[PDB]
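Novice: Pasting a structure below so you can have a look.
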Amino acid sequence: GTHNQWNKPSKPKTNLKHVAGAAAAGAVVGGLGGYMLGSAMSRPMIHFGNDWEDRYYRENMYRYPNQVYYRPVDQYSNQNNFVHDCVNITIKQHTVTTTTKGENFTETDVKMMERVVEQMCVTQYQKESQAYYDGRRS
Amino acid sequence: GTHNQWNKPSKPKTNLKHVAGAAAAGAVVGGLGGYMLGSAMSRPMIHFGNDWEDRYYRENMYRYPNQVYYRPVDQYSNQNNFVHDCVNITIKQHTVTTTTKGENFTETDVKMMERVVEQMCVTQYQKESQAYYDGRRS
Amino acid sequence: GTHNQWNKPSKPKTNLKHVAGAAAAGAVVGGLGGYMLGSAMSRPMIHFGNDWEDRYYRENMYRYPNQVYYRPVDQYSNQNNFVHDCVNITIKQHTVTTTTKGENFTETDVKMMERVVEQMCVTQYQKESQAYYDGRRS
Amino acid sequence: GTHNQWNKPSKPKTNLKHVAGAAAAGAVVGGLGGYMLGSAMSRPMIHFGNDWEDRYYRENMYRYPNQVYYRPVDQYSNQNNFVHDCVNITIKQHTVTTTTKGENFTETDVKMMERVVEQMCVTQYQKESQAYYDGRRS
Amino acid sequence: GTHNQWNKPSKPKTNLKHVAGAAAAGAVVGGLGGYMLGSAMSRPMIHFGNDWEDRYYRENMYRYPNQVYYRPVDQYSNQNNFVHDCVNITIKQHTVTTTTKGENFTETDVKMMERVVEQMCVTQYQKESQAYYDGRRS
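Protein chains in written order, with the deposited numbering: chain C, 93 to 230; chain A, 93 to 230; chain 1, 93 to 230; chain B, 93 to 230; chain D, 93 to 230.
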C-alpha cells in the first residue's frame, strides 16, 4: 500500500505551565498524620500531527490497588491547634492640627492609656494546669 | 490501499495552565489524620490532527480498588481546634482640628482609656484545670 | 480502499486553566479524620480533527470498588472546635472640630472608657474544670 | 470503499476553566469524620471534527461498587462546635462639631462608658464544670 | 509498500515551565508524620510530527500497588501547634501640626502609655503546669 503524510503547521504556540501528579504548592500540613494520599497520576495528551496506527496491542491488565489506613493503637493528645494569620493589629494615638489663624489660643490635649490589652493572638497555653495519665500494663 | 493525510493548521494557540491529579495549593490540613485520599487520576485529551487507527486492542481489564480506613483503637483528645484568621483589630484615639479663626479660644480635650480589652483572639487555654485519665490494663 | 483526510484549522485557540482529580485549593481540613475520599477521576476530551477508526476493541472489564470506613474503637474527645474568621473589630474615640469663627469659646470635652470588653473572639478555654475518665480493662 | 474527510474550522475558541472529580475549593471540613465521599468521576466531552467509526466494541462490564460506613464503637464527645464568622464589631464614641459663629459659647460634653461588654463571640468554655465518665470493662 | 513523510513546521514555539511528579514548592510540612504520599507520576505528551506505527506491542501488565499506613503503638503528645504569619503589628504615637498663623498660641499636648500590651503572638507556653505520665509495663 501507499501511505502519504503531509503537515505544515504555521506558528504553533503551545503553552504548559504547571503539570504535576500531587501538587502541593504553598500548602501547610498539620501534625499527627494530617495529609495521607495513596497515588496521583496526571497525563494530559495533545496531538496536532498525523497519526497512523494499525492492528496493535496498546494496553491491558492495569491495576491500581491503594490502601490508606490510620490505626493508632494508643494515641494521647492533650492540646492540638494551629493558627494561620494574625494580621493588621494596631494601637494608635493620632492627632492632627491645621489651624490657620487665631488669637490667644490655648489648645490643651490630654491622651492617656492604661492597660489597653492583656492578650492578643495568644494560643495554646496552660496556667496551673495538671494532667494525669496513668498508663500501666501487666 | 492508498492513504493520504493533509493538515496545515494556522496559528494553533493551545494553553494549559494547571493540571494535577490531587492538587492541594494554598491549603492547610488539620491534625489527627485530617485529609485521607486514596487515588486521583486526571488525563485530559486534546486532538487536532488526523487520526487513523484500525483493528487494534486499546485497553482491557482495568481495576481501581481503594480502601481508606480510620480505625484508632484508643484515641484520647482533650483539646482540638484551629483558627484561620484574626485580622483588622485596632484601638484608636483620633482627634482632628481644623480651626480657621477664633478669639480667646480654650479648646481642652481629655481622653482616657482604662482596661479596654483583656482577651483578643485567644484560643485553647486552660487555667487551674485538672484532667484525669487512668488507663490500666491487665 | 482509498482514504483521504484534510483539515486546515484557522487560529485554533484552546484554553484549559484548572483540571484536577481531587482539587483542594484554599481549603482547610478539620481534625479527627475530617476529609475522607476514596477516588476521583476527571478526563475531559476535546476533538477537532478527523477521526477514522474501525473494528477495534476499546475498553472492557472496568471495576471501581471503593470502601471508606470510619470505625474508631474507643474515641474520647473533650473539646473540638474551629473558627474561620474574626475580622473588623475596633474600639475608637473619634473627635472632629471644624470651627471657623468664635469669641470667648470654651470647648471642653471629656471621654472616658472603663473596662470596655473582657472577652473577644475567645475559644475553647476551661477554668477550674475537672475531667474524669477511668478506662480500666481486665 | 472511498472515504473523504474535510474540515476547516474558522477561529475555534474553546474555553474550559474548572473541571474536577471531587472539587473542594475554599471549603472547611469539620471534625469527627465530617466529610465522607466514595467516588466522583466527571468526564465532559466536546466534539467538533468528523468522526467515522464502525463495527467496534466500545465498553462493557462496568461496575461501580461503593461502601461508606460510619460505625464508631464507643464514641465520647463532650463539646463540639464551629463558628464561621465574627465580623464588624465596633464600640465608638463619635463627636462632630461644625460651629461657624458664636459669642461666649460654652460647649461642654461628657461621655462615659462603664463595663460595656463582658463577652463577645466567645465559644465553648467551661467554668467550674465536672465531667465524669467511668468506662470499665471486665 | 511506499511510505512518504513530509513536515515543514514554521516557527514552532513550545513552552513547558513546571513539570513534576510530586511538586512541593514553598510548602511547610508539619511534625509527627504530617505529609504521607505513596507515589505520583506525571507524563504529559505533545505530538506535532507524523507518526506511523503498525502491529506493535506497546504496554501490558501494569500494577500500581501502594500502601500508606499510620500506626503509632504508644504516641504521647502534650502540645502541638504551628502558626504561619504574625504580620503588621504596630503601636504608634503620631502628631502632625501645620499651623500657618497665630498670636500668643499655647499648644500643649500630653500623650501617655502605660502597660499597653502584655502578650502578642505568643504560642505554646506553660506556666506552673505539671504533666504526669506513668507508663509502666510488666
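A virtual CB, placed ideally from N, CA and C, is assigned to each residue, including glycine.
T191 (chain B) to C213 (chain C), Cα distance in whole Å?
Specialist: Looking at the two C-alpha atoms, the distance is approximately 43 Å.
Novice: Helix, strand or coil, according to DSSP, for residue 240 (chain 1) in the structure here?
Specialist: Not covered by the structure: residue 240 (chain 1). The range shown for chain 1 is 93 to 230.
Novice: For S131 (chain 1) and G130 (chain C), I'd like the C-alpha separation in whole angstroms.
Specialist: Roughly 10 Å separates the two Cα atoms.
Novice: How is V214 (chain 1) classed by DSSP in three states: helix, strand or coil?
Specialist: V214 (chain 1): coil per DSSP, three-state reduction.
Novice: Should the segment 188 to 208 of chain C be regarded as contacting the segment 189 to 207 of chain A, the criterion being three or more beta carbon pairs within less than 8 Å?
Specialist: As far as the Cβ criterion goes, the segment 188 to 208 of chain C touches the segment 189 to 207 of chain A, which means the pair count is three or higher.
Novice: Using the Cα positions of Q171 (chain C) and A223 (chain 1), report the straight-line distance between them to the nearest angstrom.
Specialist: C-alpha separation (whole angstroms): 14 Å.
Novice: Report yes if the CB atom of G141 (chain C) is closer than 8 Å to the CB atom of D177 (chain D), and no otherwise.
Specialist: No, these two residues do not count as a Cβ contact at 8 Å.
Novice: Starting from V160 (chain 1), trace the beta strand (DSSP E) both ways and give me its first and last residue.
Specialist: From DSSP, the beta strand (DSSP E) with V160 (chain 1) extends over 158 to 162.
Novice: What residue range does the beta strand (DSSP E) around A116 (chain A) cover?
Specialist: That residue, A116 (chain A), is in no beta strand (DSSP E); it is neither H nor E in DSSP.
Novice: According to DSSP, simplified to helix, strand and coil, what is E206 (chain 1)?
Specialist: It is a strand residue.
Novice: Kindly indicate which residue of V202 (chain D), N180 (chain D), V120 (chain D), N173 (chain D) has the alpha-carbon position closest to the one of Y217 (chain A).
Specialist: The shortest C-alpha separation from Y217 (chain A) is found at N173 (chain D).
Novice: Tell me whether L108 (chain C) is buried or exposed, calling it buried when 16 or more other Cβ atoms sit within 10 Å of its Cβ.
Specialist: Burial call: buried.
Novice: Three-state secondary structure (DSSP) at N142 (chain A)?
Specialist: DSSP places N142 (chain A) in coil when its eight states are reduced to three.
Novice: Report, in whole angstroms, the separation of the C-beta atoms of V209 (chain A) and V208 (chain C), which I expect to be a contact under 8 Å.
Specialist: Indeed, because the Cβ distance is near 7 Å, the residues count as touching under 8 Å.
Novice: Relative to the alpha-carbon of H95 (chain 1), which residue among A115 (chain A), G113 (chain A), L124 (chain A), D146 (chain A) has its alpha-carbon at the smallest distance?
Specialist: The shortest Cα separation from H95 (chain 1) among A115 (chain A), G113 (chain A), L124 (chain A), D146 (chain A) belongs to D146 (chain A).
Novice: Just to confirm, is the Cβ distance from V121 (chain C) to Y162 (chain D) under 8 Å?
Specialist: Result no, Cβ atoms of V121 (chain C) and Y162 (chain D) do not sit closer than 8 Å.
Novice: Enumerate in chain order the residues of its own chain whose CB-to-CB distance from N158 (chain B) is below 6 Å, with the five nearest sequence positions on each side excluded.
Specialist: Excluding positions up to five away in sequence, the list reads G130, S131.
Novice: Compute the distance between the beta-carbons of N99 (chain 1) and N152 (chain B), then report whether it is under 8 Å.
Specialist: Contact flag unset, no.
Novice: Grouping DSSP H, G and I as helix and E and B as strand, with all else coil, what is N180 (chain 1)?
Specialist: Three-state DSSP puts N180 (chain 1) in a strand.
Novice: Is there contact between the segment 200 to 207 of chain C and the segment 197 to 207 of chain A, where contact requires at least three CB pairs shorter than 8 Å?
Specialist: Yes, since at least three Cβ pairs between the segment 200 to 207 of chain C and the segment 197 to 207 of chain A fall closer than 8 Å, the two stretches touch.
Novice: Would a C-beta distance cut-off of 8 Å place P164 (chain C) and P164 (chain D) closer than the cut-off?
Specialist: Yes. Within cutoff.
Novice: Let me confirm a value: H186 (chain B) is counted as buried when at least 16 other C-beta atoms fall within 10 Å, else exposed. Which label applies?
Specialist: Looking at its Cβ environment, which holds fewer than 16 other Cβ atoms inside 10 Å, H186 (chain B) is exposed.
Novice: Let me confirm a value: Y156 (chain 1) is counted as buried when at least 16 other C-beta atoms fall within 10 Å, else exposed. Which label applies?
Specialist: The residue in question, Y156 (chain 1), is buried, as its Cβ has 16 or more Cβ neighbours within 10 Å.
Novice: From the DSSP output, read off the bridge partner residues of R228 (chain A).
Specialist: The partner list for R228 (chain A) (beta bridge, DSSP) reads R228 (chain C), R228 (chain 1).
Novice: Which residue from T215 (chain B), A112 (chain B), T106 (chain B) puts its Cα closest to that of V175 (chain B)?
Specialist: For the residues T215 (chain B), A112 (chain B), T106 (chain B), the minimum Cα distance to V175 (chain B) belongs to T215 (chain B).
Novice: So, helix, strand or coil for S102 (chain B), using DSSP?
Specialist: Strand, per DSSP.
Novice: Hey, how far is the Cα of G227 (chain C) from the Cα of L124 (chain C)?
Specialist: So the alpha carbons of these two residues sit roughly 20 Å apart.
Novice: Using DSSP with H/G/I as helix, E/B as strand and the rest coil, what is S221 (chain 1)?
Specialist: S221 (chain 1): coil per DSSP, three-state reduction.
Novice: Cβ of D226 (chain D) less than 8 Å from any chain F Cβ?
Specialist: Of the protein chains in this structure, namely C, A, 1, B and D, none is chain F.
Novice: Grab the span of the beta strand (DSSP E) containing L124 (chain B) for me, first residue to last.
Specialist: That residue, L124 (chain B), is in no beta strand (DSSP E); it is neither H nor E in DSSP.
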